[PDB]
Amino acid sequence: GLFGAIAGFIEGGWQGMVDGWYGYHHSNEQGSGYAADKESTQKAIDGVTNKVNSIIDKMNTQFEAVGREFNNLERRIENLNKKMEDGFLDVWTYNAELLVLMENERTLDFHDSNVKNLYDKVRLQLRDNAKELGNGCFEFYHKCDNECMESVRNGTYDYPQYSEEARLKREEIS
């Protein structure tokens, strides 16, 4: 919700998309289908893997032998140990719970930013050669075949090729 993509102008997820976390759905004269953007999916996978690994690998563990070796006339000493063990339990329980809550919020917004950035990359390429539908989709003013659709997903969309056709379409609705 931080970027208004995952729950905002894109109102839902696609069950048909199975080969990635983020991707595209196209619909042209040759048919409709799903295509997953692996450049974004891999970078998201590495970052999420790094975060989980960092949360795990950065923990420092040492050999400790935790028992109860104080007698009935050393209860002051064992109360010192009780305050130490209970204090550390409070420190770790509070740290662990909040670390999960804060990072889970961060992880969800990380996916949100990735989806938003994908939308802006496609939008920045099409410019006025396509129409922003406000729902995560662009309606082309020209004919974008399967090879043209791959160019949009490859960051190689050629604006000058379809400029006059798009302008003619824009005037065609006038």
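The numbering used is simple: start at 1 and walk along the sequence shown.
Student: Mean CA temperature factor from the deposited coordinates, higher in 159-167 or in 19-27?
Tutor: Comparing averages over the C-alpha atoms only gives 159-167.
Student: Of 66-74 and 142-150, which one has the bigger average CA B-factor?
Tutor: Going by the record's values, the stretch with the higher mean is 142-150.
Student: From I56, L108, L124, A35, which pick has the Cα B-factor that tops the rest in the entry?
Tutor: Each of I56, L108, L124, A35 was compared by C-alpha B-factor; the highest is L124.
Student: Lowest, middle or highest third: where is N129 by Cα B-factor in its chain?
Tutor: Highest third.
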